[PDB]
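Inspection log for the structure reproduced underneath, given as structure tokens.
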Amino acid sequence: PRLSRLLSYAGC
Amino acid sequence: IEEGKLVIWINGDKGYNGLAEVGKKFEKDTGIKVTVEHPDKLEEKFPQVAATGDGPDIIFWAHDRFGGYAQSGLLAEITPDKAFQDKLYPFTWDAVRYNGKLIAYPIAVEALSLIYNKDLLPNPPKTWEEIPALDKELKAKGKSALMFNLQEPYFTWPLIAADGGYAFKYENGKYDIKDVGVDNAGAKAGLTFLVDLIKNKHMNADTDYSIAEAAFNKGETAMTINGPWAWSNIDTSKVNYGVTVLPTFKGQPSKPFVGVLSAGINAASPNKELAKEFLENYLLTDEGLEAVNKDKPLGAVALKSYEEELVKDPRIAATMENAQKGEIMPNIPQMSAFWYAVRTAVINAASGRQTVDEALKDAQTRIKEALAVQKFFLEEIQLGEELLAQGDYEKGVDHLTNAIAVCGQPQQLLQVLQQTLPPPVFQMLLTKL
Ligand SMILES: OC[C@H]1O[C@H](O[C@H]2[C@H](O)[C@@H](O)[C@@H](O)O[C@@H]2CO)[C@H](O)[C@@H](O)[C@@H]1O
Ligand SMILES: CC(=O)NCC(=O)O
């Protein structure tokens with residue numbers, strides 16, 4: 001989960 | 001989040017007052033106050049607040065958002081035994097199963113239908129192709145044929161999918177996220193039809209949910225496209241309405257994306273047992289679902305005992321006919337990228353910012369690009385960390401640098417890496433940036 005929370009559609 | 005109370009978020013189009021009635025029954029029986037809220041953009045707000053351990057105890061949304069929530073660790077695995085699971089339809093549980101775990105309670109099955117005013121339009125059109133001429137005739141009497149929410153792609157999707165648009169290709173139980181169907185011939189054909197309606201002033205690019213709802217409920221437009229939740233306000237308006245099959249396009253059924261309204265438990269809630277008690281023992285009962293349904297209809301509920309009653313309603317028969325012509329949404333994390341990209345394409349094509357062909361080409365490109373970058377980012381962090389745990393420092397740091405290179409704002413990522421990496425290695429990494 002910790003790495004996935006760093007991403008969004010908008011970016012990183 | 002406060003221990004000893006429940007905070008619930010549900011969308012403002014659903015029966016939140018009815019849900020609050022279930023909450024008062026719960027409070028009567030137990031210690032426990034239940035606060036139902038309907039914040040704007042809750043499906044975006046939830047991951048922002050729950051990432052900090054804040055937010056509601058329970059989140060309601062269609063199931064399509066929930067895989068992304070679960071991937072981010074935001075949801076508790078839920079805990080129903082077999083006896084409880086047997087009370088709901090098996091396909092509903094499928095909708096909330098993610099990487100083998102149940103991650104939400106299913107509540108109800110939602111599909112769009114065509115809703116029409118029987119006094120303006122005793123025989124509604126069977127096809128999209130019929131709509132321009134019908135609009136011309138109604139315009140001569142100060143009416144319009146059709147208004148629906150053009151600002152959310154959920155409402156245009158059934159037309160885009162009719163002749164072959166798709167999100168991610170279904171392969172024998174799994175979705176292939178490398179096989180995206182937003183810019184195919186069928187997707188382009190259906191969006192081209194909608195955009196021609198707008199060009200010829202048979203529909204307005206700026207129509208949104210509240211504009212369309214007011215138009216229909218005031219008897220100004222003969223048709224709308226909406227879900228079961230909308231029927232309550234039409235009842236109040238006294239419009240003589242019917243609920244029926246969506247129009248075909250090129251002879252093919254419109255194919256709505258079907259949502260399972262679902263309730264998840266926040267992974268950070270200190271009230272997981274109370275949430276379970278509320279959901280299993282109070283909401284997912286005939287009385288609990290009735291209270292919500294009486295406020296705003298749910299659709300076809302997941303709970304067998306109550307659905308056996310609701311199937312007699314002709315409006316539910318129509319909802320199910322439309323559902324069967326469509327497809328249950330994926331719950332996969334990639335759904336968020338799909339929806340953002342298609343929302344942009346629909347709005348841009350409807351407004352004339354882009355041609356239909358360019359709008360959908362770009363949406364396809366944006367989805368595939370987002371997914372490629374995410375895939376690379378995650379693979380490079382894993383590989384770098386794996387190589388560091390084996391002492392290949394140089395090669396491990398090189399992979400971590402590739403991940404950082406595709407992150408425009410790497411401050412949070414570097415904080416996460418600083419927590420796991422030995423200080424000499426983190427320092428080495430810093431010098432590569
Ligand atoms: O428009 C994209 C949007 O579609 C679905 O949202 C629906 C929701 O399922 C319904 O319960 C109702 O509230 O209307 C929404 C459309 O405004 C997806 O569930 C959602 O994730 C997506 O962004
Ligand atoms: C830690 C893990 O298992 N996966 C990466 C992530 O969760 O985002």
Side-chain angles (χ1 to χ4, degrees), chain A residues 1-9 12, chain B residues 9-16 38 40-47 51 59-75 95-96 98-99 104 106-113 148-158 160-161 167 208-210 212-213 225-230 256-263 267 296-300 319 323 326 328-347 363 374-375 377-386 403 412-413 416-417 419-420:
Chain A
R2 270 200 92 94
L3 300 174
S4 283
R5 293 205 285 276
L6 294 168
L7 293 172
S8 67
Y9 185 63
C12 178
Chain B
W9 293 353
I10 185 166
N11 213 44
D13 48 6
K14 317 292 184 203
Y16 56 83
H38 52 274
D40 309 310
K41 303 297 159 181
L42 79 86
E43 82 289 9
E44 133 180 25
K45 286 186 186 154
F46 179 79
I59 173 160
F60 287 74
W61 196 265
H63 72 285
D64 65 301
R65 286 266 161 199
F66 277 73
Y69 305 157
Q71 182 185 57
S72 287
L74 308 174
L75 296 173
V96 296
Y98 177 76
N99 285 352
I107 310 298
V109 184
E110 303 177 345
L112 298 166
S113 300
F148 66 95
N149 188 8
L150 295 175
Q151 311 311 308
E152 283 291 338
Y154 181 70
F155 296 87
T156 298
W157 193 255
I160 293 172
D208 69 9
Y209 188 93
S210 69
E213 181 176 45
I225 296 171
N226 219 329
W229 54 87
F257 251 152
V258 177
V260 179
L261 178 70
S262 299
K296 306 291 173 78
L298 285 159
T319 299
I328 300 263
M329 289 184 277
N331 68 20
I332 65 181
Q334 293 75 27
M335 287 303 289
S336 92
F338 163 79
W339 284 128
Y340 203 101
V342 175
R343 178 178 327 217
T344 296
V346 172
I347 289 170
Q374 287 164 10
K375 179 169 201 198
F377 176 80
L378 291 170
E379 285 173 332
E380 291 294 298
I381 294 288
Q382 281 188 45
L383 181 56
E385 286 176 353
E386 293 161 11
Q412 297 284 315
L413 167 59
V416 168
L417 296 172
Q419 296 162 352
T420 18

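Indexing begins at 1, ligand by ligand and atom by atom, following the structure's order. Residue numbering restarts at 1 for every chain, and letters A, B, ... go by the order of the sequence lines.
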Does B/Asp13 offer a backbone N or O that forms a donor-acceptor pair with the side chain of B/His38 under 3.5 Å?
no

Restricting to non-hydrogen atoms, name the atom on B/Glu385 and the atom on B/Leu417 that form the minimum distance, rounded to 0.1 Å.
OE2-CD2, 3.5 Å

Taking non-hydrogen atoms only, is B/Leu261 closer than 4.0 angstrom to ligand 1 via side chain, backbone, both or neither?
neither

Below 4.0 Å, non-hydrogen atoms only: which portion of B/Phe257 touches ligand 1? Side chain, backbone, both or neither.
neither

For the residue pair B/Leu112 and B/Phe148, establish whether any side-chain heavy-atom pair is separated by less than 4.5 Å.
no

Taking side chain to side chain contact (heavy atoms under 4.5 Å, CB included) as the definition, give me every residue that meets it alongside B/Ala267, ordered by chain and number, with sequence neighbours left out.
none

Heavy-atom closest contact (B/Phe257 atom, B/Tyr154 atom, distance):
O-CE1, 3.4 Å

Report the part of B/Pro153 in contact with ligand 1, treating N, CA, C, O as backbone and CB onward as side chain, heavy atoms under 4.0 Å; options are side chain, backbone, both, neither.
both

Just jot down the side chain to side chain contact (heavy atoms under 4.5 Å, CB included) partners of B/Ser72, sequence neighbours excluded, or say none.
A/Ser4, A/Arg5, B/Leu74

How close do B/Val346 and B/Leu150 get, heavy atom to heavy atom, and via which atoms?
CG1-O, 3.9 Å

Tell me the protein heavy atom at minimum distance from atom 15 (C) of ligand 1, and give that distance in Å.
B/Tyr154 CD2, 4.3 Å

Please write down residue, atom name and distance for the protein heavy atom closest to atom 21 (O) of ligand 1.
B/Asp64 OD2, 2.7 Å

Please work out whether any backbone atom (N, CA, C, O) or any side-chain heavy atom from C-beta onward of B/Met335 is under 4.0 Å from ligand 1, and answer side chain, backbone, both or neither.
neither

Residues with a heavy atom under 4.0 Å from ligand 2, by chain and number, are A/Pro1, A/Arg2, A/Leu3, A/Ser4

For atom 17 (O) of ligand 1, what is the closest protein heavy atom, and at what distance to 0.1 Å?
B/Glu152 CG, 3.5 Å

With a 3.5 Å distance limit and no angle check, can you tell me whether B/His63 reaches the backbone of B/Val260 through a side-chain donor-acceptor pair?
yes

Using heavy-atom distances, let me know which of B/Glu44, B/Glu43, B/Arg65 sits nearest atom 23 (O) of ligand 1.
B/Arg65

Proximity flag B/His63 to ligand 1, non-hydrogen atoms under 4.0 Å:
no

With a 4.0 Å cut-off on heavy atoms, does B/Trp61 reach ligand 1?
yes

Review item, side-chain donor-acceptor pairs of residues 330-342 of chain B, under 3.5 Å, at least two apart:
residue  : atom : partner : partner atom : Å
B/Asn331 : ND2  : B/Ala95 : O            : 3.0
B/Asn331 : ND2  : B/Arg97 : O            : 3.0
B/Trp339 : NE1  : B/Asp64 : OD2          : 3.0

Under 3.5 Å between any N/O of B/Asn149 and any N/O of ligand 1: does that happen in this structure?
no

How far is atom 11 (O) of ligand 1 from its nearest protein heavy atom, and which residue and atom is that?
B/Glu110 OE1, 2.5 Å

Heavy-atom nearest neighbour in the protein, as seen from atom 9 (O) of ligand 1, with distance rounded to 0.1 Å
B/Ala62 CB, 3.4 Å

Testing the basics here: between B/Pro106 and B/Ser262, what is the closest heavy-atom pair and its distance to 0.1 Å?
CA-OG, 4.1 Å

B/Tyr69 side chain to B/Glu43 main-chain N or O, any donor-acceptor pair under 3.5 Å?
yes

When every non-hydrogen atom of B/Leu261 is compared with those of B/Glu110, the smallest separation belongs to CB-OE2, 3.7 Å

Closest non-hydrogen atoms of B/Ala212 and B/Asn149, given as atom of the first, atom of the second and distance, are CB-N, 4.2 Å

Nearest protein heavy atom to atom 12 (C) of ligand 1, by residue and atom, and its distance?
B/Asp13 OD2, 3.5 Å

Cation-pi check, B/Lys296 onto B/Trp229 ring (under 6.0 Å, within 45° of axis):
no

Atom indices of ligand 1 within 4.0 angstrom of B/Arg343 heavy atoms, with elements:
2 (C), 23 (O)

Could an N or O of ligand 1 be found under 3.5 Å from any N or O of B/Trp229, whether backbone or side chain?
no

